[PDB]
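Here we start with a single chain on its own, the form deposited in one PDB entry, put down as structure tokens.
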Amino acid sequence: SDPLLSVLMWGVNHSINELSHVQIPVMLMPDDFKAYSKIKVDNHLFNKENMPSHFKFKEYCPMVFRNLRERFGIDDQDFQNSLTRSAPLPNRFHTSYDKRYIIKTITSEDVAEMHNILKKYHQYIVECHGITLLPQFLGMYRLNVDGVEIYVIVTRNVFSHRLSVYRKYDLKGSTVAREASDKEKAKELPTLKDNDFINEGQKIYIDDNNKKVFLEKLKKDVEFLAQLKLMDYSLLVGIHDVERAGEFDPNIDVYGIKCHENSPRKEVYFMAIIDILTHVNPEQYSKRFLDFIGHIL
């Protein structure tokens, strides 16, 4: 009874069904990056209980996002199920009922930026064999329900689908002060920021190897982002306390890192980059971002 949501589920369902009939080659062609499919639905005096009467669904570059899903080790049928077997839950983003995917509303500006970087982004994912801390983009759509038009993007959840998170940080490593809201603090899991970290002595206990890998990854990802003139992105950090609610599937919870053996508490960390689509400058912003994360880890 959120009509936009049901158009989305209807849309995702339809999309994966269509693709199931398409022969998938190993390569994308340049045209695949300029492609889309539109479906306009008009129901007159029919099917009122489920669908809206007049709606639209547009999918951008279905072949590119098909290719990306598989490269991120996501199967189309599983993806469909996660988005359609039961509604996504709100909170401003939605998360799939099974906590695997994030569904964020974006602007037409963002859609244009995505289209602008999609080839280079795709090529990046090829080179690093899908091993990255960048947002994993899984699908991009336009929804129309009688007058209202929204754009959405789908990504992999940085947090675990099983193991709960008792503390979140959103780090940018900026010179201007960043601190969390008192209004947000009241919510079950607040969204702490650079100084809630730098102030309240938060430590991330990972071993020297896990840290070396992570920072090497982070370095390449961030340089790629700067080179695209992208900035204002964050590192999302999630802490799972084993001794409250802790063995994860690193093939589903791909962003997990176990704490080292001498850690004060049994912890799992979930860390990746989020919010890349905004296009003082990009170049130094990345270095300033990389300096910060080095210091806190």
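If you superpose the two forms and keep the largest set of C-alpha atoms that fall within 1.5 Å, you have the rigid core. Shifts are known only where both forms have a C-alpha. All residue numbers refer to positions in the sequence shown, first residue = 1.
Gap between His279 and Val280: 10 or more deposited residues without coordinates.
Unmodelled stretch separating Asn91 from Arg92: 4 to 9 residues (count of deposited-sequence residues without coordinates).
On average the C-alpha atoms of 173 to 181 have higher B-factors than those of the other stretch, with 173 to 181 and 82 to 90 being the two compared. When the mean C-alpha temperature factors of 215 to 223 and 68 to 76 are read from the deposited coordinates, 215 to 223 comes out higher. Going by the entry's values, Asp253 shows the largest Cα B-factor out of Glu59, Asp32, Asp253, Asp42. Among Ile102, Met140, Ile150, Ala186, the highest C-alpha B-factor recorded in the PDB entry belongs to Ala186.
In the PDB entry, a CA B factor belonging to the lowest third of its chain's modelled residues is recorded for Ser15. In the PDB entry, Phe248 places in the highest third of its chain by CA B-factor. Remark: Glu109 belongs to the middle third of its chain, ranked by C-alpha B-factor as recorded. Looking at the C-alpha B-factors along this chain, the one for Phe197 belongs to the highest third. In the deposited entry, the Cα temperature factor of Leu230 places it in the middle third of its chain's modelled residues.
One more form of this protein should be noted, the form deposited in another entry, which is absent from this view; the next part is about it.
In the overlay on the core between this form and the one not shown, a shift of 2 Å or more in CA position is seen for a single residue of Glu223, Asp75, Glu184, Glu127, which is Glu184. Here is what shifts between this form and the one not shown when you lay the two on the core: just one run of at least 3 residues, every Cα off by 2 Å or more, at 181 to 188.
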